[PDB]
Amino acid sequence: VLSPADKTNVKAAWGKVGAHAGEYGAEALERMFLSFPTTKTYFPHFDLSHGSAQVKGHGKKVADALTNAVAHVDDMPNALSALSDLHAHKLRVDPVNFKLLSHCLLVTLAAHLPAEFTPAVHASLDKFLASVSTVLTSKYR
């Protein structure tokens, strides 16, 4: 439960995303919107279209938060507290949606980083995302 070998697989993997972090973030979002249309309801005010700039901008924000999370794996609830308030109290995002986003992020990583997305890495990534997700919905538990 973010476990020593888990970071490092996470840290290394986030490492190769590097400068692409934002575009992968946007891709994951677009992937989520198309596969799980119910999710688009939370973004009334956006242009959810492909290539969309707002989605591009949002992608960056999402990716930046994840980078900060990786950099703070051991202190995730303090580091993500504001986001937790936003997501649970303000937006009331359905907890299920976090699993969908997480899934779509993995899909994005697998498609872009074949050589890095090994089974072991996939597993660490999955737990990392689940732990981020738990923090983000902590306000309902």
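Throughout, rigid core stands for the largest set of C-alpha atoms superposing within 1.5 Å between the two forms. From 1 onward, residues are counted along the sequence shown.
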query: Comparing 25-33 and 81-89 where Cα RMS over structures and residues is taken in 6 other deposited structures of this protein (core fit), larger one; finding: 81-89
query: Stretch departing more from the displayed form, 100-108 or 44-52, Cα RMS in 6 other deposited structures of this protein (core fit); finding: 44-52
query: Of 19-27 and 117-125, the stretch whose C-alpha atoms average the higher B-factor in the entry; finding: 19-27
query: Mean Cα B-factor comparison, 102-110 or 75-83, giving the higher one as deposited; finding: 75-83
query: Out of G57, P37, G51, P95, highest CA B-factor residue; finding: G51
query: For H45, the third of its chain into which the C-alpha B factor falls; finding: highest
query: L66 by Cα B-factor - lowest, middle or highest third of the modelled chain; finding: highest
query: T8 CA temperature factor, ranked by third within the chain; finding: highest
query: CA B-factor placement of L136, once the chain's modelled residues are sorted into thirds; finding: lowest
